[PDB]
Amino acid sequence: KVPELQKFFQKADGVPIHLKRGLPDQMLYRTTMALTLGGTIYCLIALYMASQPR
Amino acid sequence: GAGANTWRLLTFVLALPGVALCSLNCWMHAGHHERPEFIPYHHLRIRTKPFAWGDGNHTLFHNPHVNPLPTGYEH
Amino acid sequence: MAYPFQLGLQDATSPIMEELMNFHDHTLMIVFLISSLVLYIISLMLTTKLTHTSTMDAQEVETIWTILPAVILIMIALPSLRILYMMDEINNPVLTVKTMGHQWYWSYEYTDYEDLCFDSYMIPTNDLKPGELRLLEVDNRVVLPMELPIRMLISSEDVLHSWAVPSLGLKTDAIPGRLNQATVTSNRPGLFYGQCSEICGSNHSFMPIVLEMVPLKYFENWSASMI
Amino acid sequence: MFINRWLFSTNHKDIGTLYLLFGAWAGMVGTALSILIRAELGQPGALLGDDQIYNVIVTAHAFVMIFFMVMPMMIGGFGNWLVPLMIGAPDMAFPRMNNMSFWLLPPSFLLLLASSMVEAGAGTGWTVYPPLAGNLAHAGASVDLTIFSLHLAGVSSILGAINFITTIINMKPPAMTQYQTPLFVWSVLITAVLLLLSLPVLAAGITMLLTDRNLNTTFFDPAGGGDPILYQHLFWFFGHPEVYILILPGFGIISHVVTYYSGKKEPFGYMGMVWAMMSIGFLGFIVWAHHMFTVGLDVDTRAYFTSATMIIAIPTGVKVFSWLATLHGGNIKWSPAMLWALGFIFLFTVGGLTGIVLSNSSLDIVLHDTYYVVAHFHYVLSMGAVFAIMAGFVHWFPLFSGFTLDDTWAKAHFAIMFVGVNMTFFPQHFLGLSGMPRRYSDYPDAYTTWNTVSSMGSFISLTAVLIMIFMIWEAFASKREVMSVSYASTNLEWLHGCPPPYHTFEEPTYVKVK
Amino acid sequence: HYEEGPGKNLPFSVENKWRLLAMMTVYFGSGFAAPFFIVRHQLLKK
Amino acid sequence: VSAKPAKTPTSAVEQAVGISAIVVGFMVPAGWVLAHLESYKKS
Amino acid sequence: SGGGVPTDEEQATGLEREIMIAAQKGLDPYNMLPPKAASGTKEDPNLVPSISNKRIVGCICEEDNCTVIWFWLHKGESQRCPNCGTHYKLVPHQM
Amino acid sequence: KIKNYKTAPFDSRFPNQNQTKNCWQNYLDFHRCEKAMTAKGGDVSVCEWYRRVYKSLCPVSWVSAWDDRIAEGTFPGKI
Amino acid sequence: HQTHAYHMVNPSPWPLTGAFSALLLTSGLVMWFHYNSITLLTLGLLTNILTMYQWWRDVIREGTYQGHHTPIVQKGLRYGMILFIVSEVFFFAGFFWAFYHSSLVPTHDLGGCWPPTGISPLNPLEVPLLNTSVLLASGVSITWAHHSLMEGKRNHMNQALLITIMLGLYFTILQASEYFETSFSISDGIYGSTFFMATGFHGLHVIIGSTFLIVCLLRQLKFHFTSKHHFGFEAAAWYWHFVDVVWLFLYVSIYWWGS
Ligand code: HEA
Ligand code: HEA
Ligand code: CUA
Ligand SMILES: [Cu+2]
Ligand SMILES: [Mg+2]
Ligand code: NA
Ligand SMILES: [Zn+2]
């Protein structure tokens, strides 16, 4: 199963190799970037809330 | 050097029988000791900042059979 | 203690700070010499119209180039090691005083005999008597006999402090759980002013040390009076 | 389009550009902190009140100027821009790790800013000595956020160091040796070696400090069995390698600038430069306890350590005298970067000589934590490293941007920069000799006058960097181009034009041995 | 492909002097004004 | 390094506006927060 | 127990396949080894192949010399080293 | 005797800057002399000089803490 | 085109995503130790595992399916891992220096002897020698695995890597089960602090090595490794030899000497 994935990944589509599989790599890349953006903004919200006293 | 069957023979003579023999040796020496009587030491069982899991006094691997709290043991 | 427009060090009272001052003059003369070399060469060799921009012998001057800074560093380092070994003799002291650096104040124990201890806090700026010094005057001055070897054991209760008097040439770390030793002597009586040199919180500027050095009979009278 | 070019970038020039931008921003943050410090020390009295907020400003000034101005700009920016251009490589070996190192840097900056914002404050000095940095004096989250800032910056610089060593050792043409490379390549090789050899020591040290703070260990608690002298040992075992890291790519930059603008084909004594840089790198690892001459060590230990300072004084003397020796008979072109390099030579000589005065433990009894130390480290850092950053920036701003700076404004900027730093840091020698300790928010009256003079000098340096910003804008307000560069045959980075294209060295260099 | 040439290898446009002057002064002024507002924050706390 | 004549050359007045813009944009916020410290100390 | 593990003469693909196929005939089109056919005269110059109209050429024209000197070399006749004068000629046809 | 003890002397076995081990070992040596000649039953005050050594050398907070832990029975030193 | 034999990487998000993931770990530890929040920390841990999975999966795609891995590239990756290993040497050496400075001169609060009074140390001749022998046997089995890889044996390789992985799992669960039933805790002075920090960091590194061995196994069962271009398995052998010589230094330093 390696030489036929070798045929699959040697394509001149111009797509980067982390969107070359089509659907599922695009799906978990989108979910990864969405959850890390949400985590970053909730991290800044948490840091700003911790900066203020009670 | 750079053989393949001689390394299988080497591991099947030395490594796994040695680990099995040491496992039997640690099995015949698998015996617990009694609980030592408790002295409230000061450089042992410190509490400066409480732990951030569960209650705050228990450690992460605190087995109550052997590990003492600063205020004695648990019953 | 310091006066306005002071350039050099505070002058010496202990013998140790006299040898430190003489060595400082020696090494600063050496620094002036080699800075004069560097400055005069860089002023010289950018101020010509002659040029030489071809292949040059890479290794033909390196023996003098290597032995001159080595011999000047040896000439620096030999009196450095001499005065470095001049602070670890057999002391055979007369008095032993213990200092503990508490949280932004000092505490003093004269407990060789008839245990005596007190605390030193700064006299505040609004509560200064006329003529006194801002940020350098304490409640209880720390009284010692003069021209005698005095052991001074320095520690702290909680954090890192630095018991320092510059004019006597003393600066020793006050480390919790650790007892460092200094020796202090004098040649003149009077008041000597130092302050903390290690970062110790929000009033780190606000702990001074005042060493009042008096004769032996007046130190005995003061020790009998304070107990 | 923008996101793939800059946020997802995988070539060295873009990452070097982002280094230059981030380090300029962080440097101006540090400059604001320095103006705040000299504003507290200007007149007697408390402009800010307590010493806690002043210590917060001092620690913030130290971390922001060390790990976020000289470190990323110097090592990352100049290495990423020039090292694959000097050795003729198309890119770095691991460009994704280089991009990760950049993008870990502003998390570390945000964590440092949040450490400053939390009401406890990390007012400990840049030495994070316990038990002051424990959970008793600083019970709070400021010291922990500081520790994680140092963790993130350390991981960034280990990744960059690994990438730099593999792209220098491996990505050369197969005919060139290691002794045919330019001098800045050697400086960043040795810098990356000491970076990955020194950074895990402070990583372990602040990890144990964190577990002492929040996991109830007694690594540095004297009431449990430890001692803070162990922390001092690990911290300075990193710490003197760190300042040699701060100064070595500056040595490479000034060697390149002095070689170029004098007209020379090569620096005088290339083998002497290479030997002295590896000697400084090898010998900075065994000199750390000159930072603890008052902790109460053995007298034999401090004798060994001051001898170690002398034998580390000799090879940088070889370097500075050979920098003098490569000015011999050269067509001295009076460029602004030449003025930065000559100011580097003189002021770094003065700072090193004051360090040699400090190197004697006998006088380090007197001058420990006074302002004499502050004058020493500012005459090396704030003059040598800053002047080398400015020399590299002025020399390679045609390469990075494509436009040439106005040299008249650059000479004026050097003039007021020199006046400002020299008037800032020369009375600190007298304040250290008189006996003002470090970390003080208020001083006695006898230290007033020099402090007043010193405060004035800081504002002049502000004017310097203010007009520096105008210089950059003036280049982009002029859009004057470059037809040609002189001495383009010896220097490889000038051979593709100004600025070089995105894809360089697709057809690599042709060099043969036989 | 990405732009190659003078002034285009930068993450910001340089085609106008005045908006780029405003960009530089707000970027470096935010840098210069961050620690001052931090010091204002711990003074305003207590 | 040779330099081309400027494609969009600035004059003296625009450089004066530029230096005044840098000075005012750097001295309004820091100067404003330094102009009253005792107001933050609950005057 | 037999083979099973493939050798890299059929499994390896792409650029690794290209350099392995070309390198077994003594050819290095992808520049991993220092080049050959060295003579500085104008009748037998130092030949350099390319895929474009010019190439950066680095001369170490005497041994134990630190600074390589770099110069662009274009098509046409044999240009010279800009301090020693060894002749370099460009033949841009390789792949 | 060795009395008229003005202060602590220069101990050649511990001549460096750190002086924790001097007062620590002198306090345990005083207690060990007390235990040894209480077991012997003789004049236990002949090593009273050793007592005055820790009067002069390490601070009264340390001595008070050590007295408290030896009164409760939480002394890590083996006496 | 491209005539240099170096590898040009496509634009990549996992620098940015892993960097902000590390930011989430640092802020999660701060919000856990001081404000007791788990959610940001777990979000960061998920972001690391997703970022590292995507990154190393794509490095697998370039190295195996697209053939960008020249000998110059493998030499560069070898240099990079060797430098990472040397960095971890100096990390564990800092921990060793902490333990040696702690135990060389015992302080007065401990009583002046190592071990301190009130603790019962683990004597080395019981079941720690079993886990030293387990790591040694795993090193021998991975050396047989590497030699069967170079020779061209497949089923011998599968048996060897399987026994290597299960002895690594046996080692980490044996260390964990012993540290359930140890007689002293993290708050039991400098001995407990040094011991538990050193053994916990070694346990984290051996579970990292076990995970790297597992992904090496599932790569090998999909025929990724050829007869000579098998740098992932060479990496597994190098990191495994690293982790058990580190454990040999821990067993000599802490368990045997002074206990
Ligand atoms: C750029 C960074 C840099 C550099 C290069 C150095 C270089 C040196 N440093 Fe320094 N140092 C710091 C940054 C740096 N330092 C910092 C940031 C601190 C503060 C740490 C703290 O907070 O405590 C510090 C602290 C510091 C101390 C602590 C003082 C104290 O705590 O009381 C000491 C002790 O002597 C010291 C010594 C030296 C020495 C001996 C050198 C030498 O390498 C200098 C040699 C350089 C030269 C240029 C001289 C060569 C020139 C010649 C002409 C030849 C001379 C030959 C003869 C005289 C014969 N440094
Ligand atoms: C990189 C290191 C660095 C630099 C540049 C500086 C620069 C300056 N430092 Fe700093 N300083 C330290 C590192 C540095 N310092 C450290 C490490 C301490 C010890 C902290 C402690 O006690 O723990 C310290 C301590 C320190 C104190 C001690 C406070 C106290 O203890 O009471 C003081 C006050 O006088 C001070 C002042 C200054 C001043 C007035 C400058 C001026 O030079 C400011 C002017 C600098 C610049 C303007 C930077 C140049 C940048 C540019 C020109 C822009 C670059 C951008 C491009 C090229 C695009 N410094
Ligand atoms: Cu005590 Cu500063
Ligand atoms: Cu140093
Ligand atoms: Mg100190
Ligand atoms: Na003030
Ligand atoms: Zn030639």
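Residue numbering in chain I adheres to Swiss-Prot, whereby the residues present occupy positions 3-261 in order.
According to its header, this structure was worked out by electron microscopy, 3.6 Å.
Each residue, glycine too, has its Cβ placed from N, Cα and C.
Summarising the annotation, Swiss-Prot assigns transmembrane segment to I:16-33 (among others) and lists experimental evidence as the type of evidence.
According to Swiss-Prot, the feature topological domain 'Mitochondrial intermembrane' maps to I:34-38 (among others), an assignment based on experimental evidence.
Here Swiss-Prot flags I:39-62 (among others) as transmembrane segment.
Here the topological domain 'Mitochondrial matrix' (I:63-77) has, by DSSP, the following mix of helix, strand and coil residues: 11 helix, 0 strand, 4 coil. The topological domain 'Mitochondrial matrix' annotation in Swiss-Prot covers I:63-77 (among others), and the record cites experimental evidence as its basis.
If you look at the transmembrane segment (I:78-99), the same-chain residues 6 or more away from its ends with a CB under 8 A from one of its CBs are 196, 199-200, 203-204, 207, 233, 236-237, 240-241, 244, 248, 251, 255. Annotation comment: Swiss-Prot describes I:78-99 (among others) as transmembrane segment.
Look at Swiss-Prot and you will find I:100-129 (among others) tagged as topological domain 'Mitochondrial intermembrane'.
Residues or ranges marked as transmembrane segment in Swiss-Prot (evidence: experimental evidence): I:130-150 (among others).
According to Swiss-Prot, the feature topological domain 'Mitochondrial matrix' maps to I:151-156 (among others), an assignment based on experimental evidence. DSSP assignment over the topological domain 'Mitochondrial matrix' (I:151-156) gives 3 helix, 1 strand, 2 coil.
The feature transmembrane segment is assigned by Swiss-Prot to I:157-178 (among others). Residues of the same chain lying 6 or more positions beyond the ends of the transmembrane segment (I:157-178) and with a Cβ under 8 Å from any Cβ of it are 129, 132-133, 136-137, 139-140, 143-144, 146-147, 150-151, 201, 205, 208-209, 211-212, 215-216, 218-219, 222-223, 242.
Panel annotation: around the topological domain 'Mitochondrial intermembrane' (I:179-198), residues 97, 100-101, 104-105, 112, 116-118, 120-124, 129-130, 133, 256 of the same chain, lying at least six beyond its termini, place a Cβ under 8 Å from a Cβ of the stretch. Taken from Swiss-Prot, the feature topological domain 'Mitochondrial intermembrane' applies to I:179-198 (among others).
The transmembrane segment annotation in Swiss-Prot covers I:199-224 (among others) and is backed by experimental evidence. Long-range Cβ contacts of the transmembrane segment (I:199-224) within its own chain (Cβ-Cβ under 8 Å, at least 6 residues beyond either end) map to 58, 62, 90, 93-94, 97-98, 101, 137, 144, 159-160, 163-164, 166-167, 170-171, 173-174, 177-178, 181, 234-235, 237-238, 241-242, 244-245, 248-249, 252, 256.
The topological domain 'Mitochondrial matrix' feature in Swiss-Prot is assigned to I:225-232 (among others). Same-chain neighbours of the topological domain 'Mitochondrial matrix' (I:225-232): 62, 66, 71, 76, 151-152, 154, counting only residues six or more beyond its ends whose CB sits under 8 Å from a CB of the stretch.
Listed by sequence, the residues of this chain that lie at least six past the ends of the transmembrane segment (I:233-255) yet keep a Cβ under 8 A from its Cβ atoms are 65, 71, 76, 79-80, 83-84, 87, 90, 94, 98, 101-102, 126, 130, 133-134, 137-138, 140-141, 144-145, 147-148, 151, 166, 170, 200-201, 204, 207-208, 211, 214-215, 218, 221-222, 226-227. The transmembrane segment annotation in Swiss-Prot covers I:233-255 (among others) and is backed by experimental evidence.
Remote same-chain residues near the topological domain 'Mitochondrial intermembrane' (I:256-261) are listed as 101, 105, 116-117, 123-126, 130, 196-197, 200-201 (criterion: CB distance under 8 Å, separation of at least six residues from the stretch ends). Positions annotated as topological domain 'Mitochondrial intermembrane' by Swiss-Prot: I:256-261 (among others).
Taken through DSSP, the topological domain 'Mitochondrial matrix' (I:225-232) splits into 0 helix, 0 strand, 8 coil.
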